[PDB]
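J.: quick one, what's the 3D model for this:
(one chain, ligands or ions: 1)
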Amino acid sequence: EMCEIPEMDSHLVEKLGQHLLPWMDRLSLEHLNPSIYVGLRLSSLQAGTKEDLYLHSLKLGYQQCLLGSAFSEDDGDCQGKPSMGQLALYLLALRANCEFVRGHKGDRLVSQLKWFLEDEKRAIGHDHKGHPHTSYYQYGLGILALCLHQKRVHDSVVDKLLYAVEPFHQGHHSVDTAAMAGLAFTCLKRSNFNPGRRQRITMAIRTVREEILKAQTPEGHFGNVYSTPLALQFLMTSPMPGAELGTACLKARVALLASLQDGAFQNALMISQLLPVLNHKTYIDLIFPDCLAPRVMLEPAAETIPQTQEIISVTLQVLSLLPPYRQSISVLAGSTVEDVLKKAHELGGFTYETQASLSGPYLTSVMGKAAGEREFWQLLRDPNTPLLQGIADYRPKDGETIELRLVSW
Ligand code: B12
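T.: Numbers count the residues shown, from 1 in each chain. Right below this line is the structure:
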């Protein structure tokens, strides 16, 4: 149809699936990723028996931790617990296996996620002035999740998502939050969930595609390379032709195909967001999913690029702190930013804290300064160009400088 990408080189898709393959074995609570599972099921690729065991661990961990305690066993956080944002994605994972939340534990989880959105609605406080504690992205994903499990939220919850769509938004992220918000609305619209806002919701969806389609860079991308998959995902639901989508969507293909054969898609989460798209599938396909639709097996990557020894110098610097820190760390070539961070800690006076996430290690504290409220520890490559990847996916080159900067958004 109108916003459609033709199929790609069968082995390029297979290449991406092979990146996911080593994750199907890290069933650790701090490595289980519902987005990966959803990724596979909606792709043209299929792991194998590993899948079912992965889903089982998801069901185990996510329920064992989010439900199962009365007066608490006198501990701080004895699992860490999945975030409510993470719970939302787990719900899509269930859908990926053609399942609805079953039993009391189902009722409990649904109830929990409805509460999260309710707190995030208080956090905003009416239709002006105030941010969610998480982000409008998880807010949109919360609404979408429950909508896929045939659970409705009150109009006052949808209201806040409706409002964020109009203005707001600066810097690449906008395009993802728009796409997510956009998808949520599609869902609601396709089942008439908030009738009192039916006409209102349709307008918003129309608002979203303008915002997104407007943000198409001359390369062909939507916002950036990593905002493109989720953008396309949303745009593959909009049924209004003319011409607009046709060429713009087909342009994105070129921009994507280029980046793809460049190795831009290293991150497991990002592969799992593109794979459905690559298979003409969206998260909206999780309303009526096809569990019998066949997918080709994935052989183990088996061979692993051995690379080559070449010791390189990378300058790590932290301004935005007490005495500014800067030290030329020496690592093996192909090392990740996290390796540079790691060597610095053991080398001298440097520390850092991370958190796990569906996206990988998230940098939270540097040199003993934990990021506050609407601030975060930005990653940058000198001069002043923010990184498109995290500490665990960016592999700096010789003589490069990395800045860890505490900005506020
Ligand atoms: C929310 C968000 C943020 C927020 C998070 C704070 C908040 N609001 O609570 C802010 C604005 C701070 C942010 C910053 C960054 N982000 Co961000 N972010 C997102 C967004 C919109 C949604 C993620 C989300 O909420 N997921 C839902 C829940 C279920 O997932 P989760 O794993 O539990 O969510 C946590 C992590 O995703 C983490 N997080 C957010 N961004 C990133 C990026 C990386 C690399 C990692 C490891 C973690 C991480 O924030 C969430 C917890 O609050 C996505 C869009 C997308 N398409 O995924 C981009 C996205 C994940 N971010 C991205 C990037 C590049 C970054 C930064 C590295 C930017 C930078 N140059 O410094 C930083 C991370 C800083 C760090 N210390 O590592 C990319 C990752 C691309 C890739 N190939 O890995 C994405 C896809 C956006 C994009 N299109 O470029 N981000």
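
J.: in this protein, what residue lies closest to the ligand?
T.: Taking C-beta to the nearest ligand atom as the measure, the chain has residue 390 as its residue closest to the ligand, at 2.5 Å. Backbone N, C-alpha and C define where each C-beta goes, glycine included.

J.: for burial, what's the neighbour tally of that residue?
T.: Residue 390: 20 surrounding residues under other C-beta atoms under 10 Å.

J.: go through the protein and flag its longest helix.
T.: Scanning the chain for the longest helix, with DSSP state H as the assignment, gives helix 104-124.

J.: buried residues, stretch 329-346. List them.
T.: 329, 331, 335, 336, 337, 338, 339, 340, 341, 342, 343, 344 (16 or more other C-beta atoms under 10 Å).

J.: would residue 252 count as being in a helix?
T.: Yes. Secondary structure assignment places residue 252 in a helix (DSSP: H, G, I helix; E, B strand; the rest coil).

J.: and it, what does it touch?
T.: With contacts defined as C-beta atoms under 8 Å, 6 or more residues apart in numbering, residue 252 is in contact with 5, 216, 220, 221, 222, 228, 231, 232.

J.: from residue 291, how far off is it?
T.: Computed with C-beta to C-beta, to the nearest Å, the distance linking residue 252 and residue 291 is 29 Å.

J.: could you do residue 229 as well?
T.: Distance, residue 229 to residue 291, by C-beta to C-beta: 23 Å.

J.: more crowded one of the two?
T.: Relative neighbour count places residue 229 above the other of residue 229 and residue 291, with 23 against 9, counting by other C-beta under 10 Å.

J.: before we move on, back to that, by contact count, what packs against the longest helix of the chain?
T.: In this structure, helix 104-124 makes packing contacts with helix 49-66, helix 84-96, helix 136-148, helix 155-165, judged by 3 or more C-beta pairs under 8 Å, 6 or more residues apart in numbering; DSSP states H and E.

J.: in TSV: the ones you listed, plus distance to the ligand and mean neighbour count.
T.: As requested, the helices and strands packed on helix 104-124 are arranged in TSV below (distance: least, C-beta to the nearest ligand atom, whole Å; neighbours: other C-beta atoms under 10 Å):
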stretch	distance to the ligand	mean neighbour count
helix 49-66	12	17
helix 84-96	4	24
helix 136-148	4	25
helix 155-165	13	20
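
J.: would you list those in CSV and tack on distance to residue 173?
T.: Written out in CSV, the entries for these read as follows (distance: least, C-beta to C-beta, whole Å):
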stretch, distance to residue 173
helix 49-66, 26
helix 84-96, 15
helix 136-148, 8
helix 155-165, 12
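
J.: which SS state does the residue with the largest distance to the centre of the chain fall under?
T.: With distances taken from the mean C-alpha point of the chain and given as C-alpha atoms, centre = their mean, the most distant residue is residue 323, at 34.9 Å. The assignment at residue 323 comes out as coil when based on three-state DSSP.

J.: ok, now which ones touch the closest residue to the residue of the chain closest to the ligand other than its chain neighbours?
T.: Once flanking residues are discounted, residue 390 sits nearest to residue 360: 5.3 Å by C-beta to C-beta, 6 or more residues apart in numbering. Contact partners of residue 360, counting by C-beta under 8 Å, 6+ apart, are 267, 268, 269, 390, 391, 392, 393.

J.: how about residue 338?
T.: 361, 391, 392.

J.: residues near the first one, how many?
T.: Okay, so that is residue 361. With neighbours defined by other C-beta under 10 Å, the count for residue 361 comes to 20.

J.: residue 390 is in contact with that one, correct?
T.: Yes. Checked against C-beta atoms under 8 Å, the pair residue 361 and residue 390 is within contact range at 6.8 Å.

J.: so which residues of this structure form strands?
T.: Using DSSP state E, the strands found in the chain span residues 45-46, 296-297, 311-318, 325-332, 352-355, 362-366, 369-370, 375-381, 385-386, 400-408.

J.: looking at those strands, which is closest to residue 192?
T.: Minimum separation from residue 192 across the strands of the chain (C-beta to C-beta) falls at strand 45-46, 33.9 Å.

J.: pairing partners for that closest one, with directions?
T.: Applying DSSP bridges, strand 45-46 is found paired with strand 296-297 (parallel).

J.: contacts for the partner strand, please.
T.: Residues outside strand 296-297 that contact it (C-beta under 8 Å, 6+ apart) are 14, 44, 45, 46, 48.

J.: again with stretch 42-51
T.: For stretch 42-51, contacts defined as C-beta under 8 Å, 6+ apart pick out 13-14, 16-17, 20-21, 24-25, 37, 40-41, 54, 96, 275-276, 278-279, 281-283, 285-286, 295-298.

J.: narrow those to those in helices?
T.: Filtering the contacts of stretch 42-51 for membership in helices, criterion DSSP H, returns 13-14, 16-17, 20, 37, 40-41, 54, 96, 275-276, 278.

J.: most neighbours among those residues, which one?
T.: Top of those by neighbour count (other C-beta under 10 Å): residue 41, with 29 neighbours.

J.: nearest residue to that one in space, please, no chain neighbours.
T.: Spatially, and ignoring its direct neighbours in sequence, residue 41 is nearest to residue 96 (3.9 Å; C-beta to C-beta, 6+ apart).

J.: which ones are touching residue 403?
T.: The neighbourhood of residue 403, defined by C-beta under 8 Å, 6+ apart, consists of 317, 318, 319, 378, 379, 380, 381, 382.
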